[PDB]
>>> print(open('coords.txt').read())   # compact mmCIF, N, CA, C and O atoms
# COMPACT_ATOMS: atom_id res chain seq x y z
N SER A 598 124.55 36.66 96.22
CA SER A 598 123.98 35.45 96.80
C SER A 598 123.22 35.76 98.09
O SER A 598 123.06 34.89 98.95
N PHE A 599 122.76 37.00 98.21
CA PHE A 599 122.04 37.46 99.39
C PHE A 599 120.53 37.43 99.20
O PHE A 599 119.80 38.24 99.78
N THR A 600 120.04 36.45 98.44
CA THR A 600 118.62 36.29 98.13
C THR A 600 118.00 35.26 99.07
O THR A 600 117.19 34.42 98.69
N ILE A 601 118.42 35.30 100.34
CA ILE A 601 118.00 34.30 101.31
C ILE A 601 116.55 34.52 101.73
O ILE A 601 115.70 33.63 101.59
N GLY A 602 116.25 35.70 102.25
CA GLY A 602 114.90 35.99 102.71
C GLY A 602 114.32 37.26 102.15
O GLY A 602 113.13 37.54 102.34
N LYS A 603 115.14 38.05 101.46
CA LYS A 603 114.74 39.36 100.95
C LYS A 603 114.19 39.30 99.53
O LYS A 603 114.27 40.30 98.80
N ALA A 604 113.64 38.15 99.12
CA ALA A 604 113.04 38.05 97.79
C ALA A 604 111.71 38.78 97.70
O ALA A 604 111.27 39.11 96.60
N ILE A 605 111.06 39.03 98.84
CA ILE A 605 109.79 39.76 98.84
C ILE A 605 110.03 41.22 98.48
O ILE A 605 109.23 41.84 97.77
N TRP A 606 111.16 41.78 98.93
CA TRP A 606 111.47 43.19 98.70
C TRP A 606 111.80 43.48 97.24
O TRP A 606 111.69 44.63 96.81
N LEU A 607 112.18 42.46 96.47
CA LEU A 607 112.28 42.57 95.02
C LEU A 607 110.99 42.16 94.33
O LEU A 607 110.66 42.69 93.26
N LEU A 608 110.23 41.23 94.92
CA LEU A 608 109.16 40.56 94.19
C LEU A 608 107.94 41.46 94.05
O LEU A 608 107.46 41.69 92.93
N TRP A 609 107.42 41.97 95.16
CA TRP A 609 106.30 42.89 95.10
C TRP A 609 106.73 44.27 94.63
O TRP A 609 105.89 45.05 94.17
N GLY A 610 108.03 44.58 94.71
CA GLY A 610 108.51 45.85 94.21
C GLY A 610 108.53 45.91 92.69
O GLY A 610 108.25 46.96 92.10
N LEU A 611 108.85 44.79 92.04
CA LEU A 611 108.86 44.75 90.58
C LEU A 611 107.49 44.50 89.98
O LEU A 611 107.39 44.37 88.76
N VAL A 612 106.44 44.41 90.80
CA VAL A 612 105.09 44.48 90.27
C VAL A 612 104.82 45.87 89.72
O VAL A 612 104.16 46.03 88.68
N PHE A 613 105.38 46.90 90.36
CA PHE A 613 105.09 48.28 90.04
C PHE A 613 106.15 48.95 89.18
O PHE A 613 105.89 50.04 88.66
N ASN A 614 107.33 48.32 89.03
CA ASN A 614 108.46 48.83 88.24
C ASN A 614 108.89 50.22 88.71
O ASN A 614 108.80 51.22 88.00
N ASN A 615 109.36 50.26 89.96
CA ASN A 615 109.55 51.52 90.67
C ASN A 615 110.92 52.15 90.45
O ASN A 615 111.18 53.21 91.03
N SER A 616 111.77 51.53 89.62
CA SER A 616 113.14 51.98 89.33
C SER A 616 113.97 52.14 90.61
O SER A 616 114.73 53.09 90.77
N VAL A 617 113.80 51.20 91.53
CA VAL A 617 114.46 51.23 92.83
C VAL A 617 115.54 50.16 92.84
O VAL A 617 115.25 49.00 92.50
N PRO A 618 116.79 50.49 93.21
CA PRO A 618 117.82 49.46 93.33
C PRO A 618 117.56 48.53 94.51
O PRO A 618 117.67 48.93 95.68
N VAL A 619 117.21 47.28 94.21
CA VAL A 619 116.85 46.33 95.25
C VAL A 619 117.84 45.16 95.30
O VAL A 619 118.47 44.93 96.34
N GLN A 620 118.02 44.45 94.19
CA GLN A 620 118.86 43.26 94.13
C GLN A 620 119.11 42.92 92.67
O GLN A 620 118.21 43.02 91.85
N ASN A 621 120.35 42.53 92.37
CA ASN A 621 120.71 42.06 91.04
C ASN A 621 120.74 40.55 91.07
O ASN A 621 121.57 39.97 91.79
N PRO A 622 119.85 39.85 90.35
CA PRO A 622 119.80 38.38 90.44
C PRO A 622 120.99 37.74 89.75
O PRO A 622 121.17 37.87 88.54
N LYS A 623 121.80 37.04 90.54
CA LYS A 623 122.98 36.35 90.04
C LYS A 623 122.69 34.93 89.58
O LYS A 623 123.60 34.24 89.10
N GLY A 624 121.45 34.46 89.72
CA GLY A 624 121.06 33.12 89.30
C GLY A 624 120.20 33.18 88.05
O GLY A 624 119.39 34.10 87.90
N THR A 625 120.40 32.21 87.17
CA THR A 625 119.62 32.15 85.93
C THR A 625 118.16 31.80 86.22
O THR A 625 117.25 32.33 85.56
N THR A 626 117.92 30.94 87.22
CA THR A 626 116.56 30.58 87.61
C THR A 626 115.80 31.79 88.14
O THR A 626 114.62 31.98 87.81
N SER A 627 116.47 32.63 88.93
CA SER A 627 115.85 33.86 89.43
C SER A 627 115.55 34.83 88.30
O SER A 627 114.50 35.49 88.31
N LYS A 628 116.41 34.90 87.28
CA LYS A 628 116.17 35.81 86.17
C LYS A 628 115.01 35.34 85.30
O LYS A 628 114.19 36.15 84.85
N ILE A 629 114.91 34.02 85.06
CA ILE A 629 113.78 33.49 84.30
C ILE A 629 112.48 33.64 85.09
O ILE A 629 111.43 33.96 84.52
N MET A 630 112.56 33.46 86.41
CA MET A 630 111.38 33.62 87.26
C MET A 630 110.92 35.08 87.32
O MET A 630 109.72 35.35 87.34
N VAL A 631 111.87 36.02 87.30
CA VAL A 631 111.52 37.44 87.22
C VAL A 631 110.96 37.78 85.85
O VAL A 631 110.03 38.59 85.72
N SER A 632 111.47 37.13 84.79
CA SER A 632 110.91 37.34 83.46
C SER A 632 109.49 36.80 83.33
O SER A 632 108.71 37.31 82.52
N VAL A 633 109.14 35.78 84.11
CA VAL A 633 107.74 35.35 84.20
C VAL A 633 106.92 36.35 85.02
O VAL A 633 105.84 36.78 84.60
N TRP A 634 107.45 36.74 86.19
CA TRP A 634 106.70 37.52 87.17
C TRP A 634 106.39 38.93 86.67
O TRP A 634 105.26 39.40 86.78
N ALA A 635 107.39 39.61 86.11
CA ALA A 635 107.19 40.98 85.64
C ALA A 635 106.33 41.02 84.39
O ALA A 635 105.57 41.97 84.20
N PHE A 636 106.43 40.00 83.52
CA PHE A 636 105.54 39.94 82.37
C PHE A 636 104.10 39.67 82.77
O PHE A 636 103.17 40.15 82.12
N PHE A 637 103.90 38.91 83.85
CA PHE A 637 102.55 38.80 84.40
C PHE A 637 102.11 40.11 85.04
O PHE A 637 100.92 40.47 84.98
N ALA A 638 103.05 40.85 85.63
CA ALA A 638 102.71 42.12 86.27
C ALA A 638 102.34 43.20 85.26
O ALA A 638 101.54 44.09 85.57
N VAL A 639 102.91 43.13 84.05
CA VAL A 639 102.59 44.09 82.99
C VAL A 639 101.13 43.95 82.58
O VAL A 639 100.37 44.93 82.56
N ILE A 640 100.70 42.73 82.26
CA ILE A 640 99.30 42.53 81.91
C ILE A 640 98.39 42.66 83.12
O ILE A 640 97.21 42.97 82.97
N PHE A 641 98.92 42.50 84.34
CA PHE A 641 98.12 42.74 85.53
C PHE A 641 97.82 44.23 85.72
O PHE A 641 96.68 44.60 86.01
N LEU B 601 130.77 34.81 79.06
CA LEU B 601 129.32 34.85 78.92
C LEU B 601 128.86 36.17 78.31
O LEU B 601 127.86 36.74 78.73
N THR B 602 129.61 36.65 77.31
CA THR B 602 129.25 37.89 76.64
C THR B 602 128.00 37.71 75.78
O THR B 602 127.17 38.62 75.69
N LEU B 603 127.86 36.53 75.15
CA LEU B 603 126.61 36.20 74.47
C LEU B 603 125.47 36.07 75.47
O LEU B 603 124.35 36.54 75.21
N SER B 604 125.73 35.47 76.63
CA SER B 604 124.73 35.41 77.69
C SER B 604 124.46 36.79 78.27
O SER B 604 123.33 37.06 78.69
N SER B 605 125.46 37.67 78.28
CA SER B 605 125.24 39.05 78.71
C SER B 605 124.33 39.79 77.74
O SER B 605 123.43 40.54 78.16
N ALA B 606 124.53 39.58 76.44
CA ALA B 606 123.67 40.19 75.43
C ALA B 606 122.25 39.64 75.50
O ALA B 606 121.29 40.40 75.34
N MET B 607 122.11 38.34 75.77
CA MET B 607 120.78 37.75 75.95
C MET B 607 120.08 38.29 77.19
O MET B 607 118.89 38.63 77.14
N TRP B 608 120.80 38.38 78.31
CA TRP B 608 120.21 38.85 79.56
C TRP B 608 119.94 40.35 79.54
O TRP B 608 119.15 40.83 80.35
N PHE B 609 120.60 41.09 78.64
CA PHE B 609 120.20 42.47 78.40
C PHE B 609 118.98 42.55 77.50
O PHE B 609 118.02 43.28 77.80
N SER B 610 118.98 41.78 76.40
CA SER B 610 117.95 41.91 75.37
C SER B 610 116.59 41.41 75.86
O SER B 610 115.56 42.00 75.53
N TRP B 611 116.57 40.32 76.64
CA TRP B 611 115.31 39.85 77.19
C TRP B 611 114.82 40.72 78.34
O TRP B 611 113.66 40.58 78.75
N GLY B 612 115.66 41.60 78.87
CA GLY B 612 115.26 42.50 79.93
C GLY B 612 114.92 43.89 79.43
O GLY B 612 114.36 44.70 80.18
N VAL B 613 115.26 44.19 78.18
CA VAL B 613 114.86 45.47 77.59
C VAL B 613 113.35 45.51 77.35
O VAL B 613 112.66 46.42 77.83
N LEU B 614 112.82 44.52 76.64
CA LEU B 614 111.40 44.53 76.29
C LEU B 614 110.51 44.16 77.47
O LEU B 614 109.28 44.31 77.37
N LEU B 615 111.08 43.68 78.57
CA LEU B 615 110.31 43.17 79.69
C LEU B 615 110.44 44.02 80.94
O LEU B 615 109.51 44.03 81.76
N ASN B 616 111.56 44.73 81.09
CA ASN B 616 111.87 45.61 82.23
C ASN B 616 111.77 44.91 83.58
O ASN B 616 111.76 45.56 84.63
N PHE B 627 130.50 51.52 69.46
CA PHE B 627 129.53 51.34 70.54
C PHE B 627 128.11 51.38 69.98
O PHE B 627 127.15 51.66 70.71
N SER B 628 127.97 51.03 68.70
CA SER B 628 126.67 51.08 68.02
C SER B 628 125.72 49.97 68.46
O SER B 628 124.52 50.05 68.15
N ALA B 629 126.21 48.95 69.17
CA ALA B 629 125.31 47.97 69.77
C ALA B 629 124.46 48.61 70.86
O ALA B 629 123.29 48.25 71.02
N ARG B 630 125.02 49.58 71.58
CA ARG B 630 124.23 50.36 72.53
C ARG B 630 123.21 51.24 71.83
O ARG B 630 122.12 51.48 72.37
N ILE B 631 123.52 51.71 70.62
CA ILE B 631 122.56 52.48 69.84
C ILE B 631 121.40 51.59 69.39
O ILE B 631 120.23 51.99 69.46
N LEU B 632 121.71 50.36 68.96
CA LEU B 632 120.64 49.41 68.64
C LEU B 632 119.84 49.03 69.88
O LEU B 632 118.62 48.84 69.79
N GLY B 633 120.48 48.98 71.05
CA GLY B 633 119.76 48.71 72.28
C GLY B 633 118.82 49.82 72.70
O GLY B 633 117.70 49.56 73.16
N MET B 634 119.24 51.08 72.54
CA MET B 634 118.36 52.18 72.93
C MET B 634 117.22 52.37 71.93
O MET B 634 116.09 52.69 72.33
N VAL B 635 117.47 52.11 70.64
CA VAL B 635 116.38 52.14 69.67
C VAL B 635 115.42 50.98 69.91
O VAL B 635 114.19 51.13 69.82
N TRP B 636 115.95 49.81 70.30
CA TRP B 636 115.09 48.69 70.65
C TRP B 636 114.32 48.93 71.94
O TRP B 636 113.22 48.40 72.12
N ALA B 637 114.87 49.74 72.85
CA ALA B 637 114.11 50.15 74.03
C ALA B 637 112.97 51.09 73.64
O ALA B 637 111.88 51.04 74.24
N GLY B 638 113.21 51.95 72.65
CA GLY B 638 112.12 52.73 72.08
C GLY B 638 111.03 51.87 71.46
O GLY B 638 109.84 52.12 71.66
N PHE B 639 111.44 50.83 70.72
CA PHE B 639 110.49 49.85 70.19
C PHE B 639 109.73 49.15 71.31
O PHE B 639 108.53 48.90 71.18
N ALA B 640 110.42 48.83 72.40
CA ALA B 640 109.79 48.17 73.53
C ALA B 640 108.71 49.03 74.16
O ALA B 640 107.60 48.55 74.41
N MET B 641 109.00 50.33 74.36
CA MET B 641 107.99 51.19 74.98
C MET B 641 106.81 51.43 74.05
O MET B 641 105.66 51.41 74.50
>>> encode(input="coords.txt", output="structure tokens")
Amino acid sequence: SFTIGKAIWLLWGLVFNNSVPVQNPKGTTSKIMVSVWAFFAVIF
Amino acid sequence: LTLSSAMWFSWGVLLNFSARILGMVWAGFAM
């Protein structure tokens, strides 16, 4: 539940898929939002 | 939430103990 302000450090990091341990999303909304974001990053 | 665990693994494989064998072959399919 430490996704208070450090969402940028996961968000722009998973654009590149750097295999870096950043944060494990414990919320379903965050996981669906990452499934949108990284799938947009793949075609980007 | 073992079904939810399988869903949250399977939707994260293509997007980034024989069930693990099916998962690694499906990761090959994903790549």
>>> closest_atom_pairs(input="coords.txt", of="chain B", to="chain A", cutoff="8 Å", atoms="all atoms listed in the file", output="CSV")
residue,atom,partner,partner_atom,distance
B:611,O,A:632,CA,6.3
B:612,CA,A:632,CA,7.6
B:614,O,A:636,CA,7.6
B:615,O,A:635,O,5.1
B:616,O,A:614,CA,5.9
>>> atom_distance(input="coords.txt", atom1="atom O of residue B:636", atom2="atom N of residue A:605")
28.4 Å
>>> residues_around(input="coords.txt", residues="residue A:623", least_positions_apart="4", cutoff="10 Å", atoms="only C-alpha atoms", output="PyMOL selection string")
chain A and resi 598-600+627-628
>>> select_by_dssp(input="coords.txt", residues="chain B", states="alpha helix (DSSP H)", output="ChimeraX atom specification")
/B:602-613,628-640
>>> atom_distance(input="coords.txt", atom1="atom O of residue A:604", atom2="atom O of residue B:610")
21.7 Å
>>> axis_aligned_box(input="coords.txt", around="stretch 611-639 of chain B", padding_each_side="4 Å", output="AutoDock Vina command-line options")
--center_x 119.5 --center_y 46.3 --center_z 76.3 --size_x 30.0 --size_y 20.9 --size_z 24.6
>>> atom_distance(input="coords.txt", atom1="atom N of residue A:641", atom2="atom C of residue A:608")
13.3 Å
>>> residues_around(input="coords.txt", residues="residue B:633", least_positions_apart="3", cutoff="12 Å", atoms="only C-alpha atoms", output="PyMOL selection string")
chain B and resi 606-607+609-614+627-630+636-640
>>> residues_near_point(input="coords.txt", point="(123.2, 35.9, 83.3)", cutoff="6 Å", atoms="only N, CA, C and O atoms", output="ChimeraX atom specification")
/A:622,625 /B:604-605,608
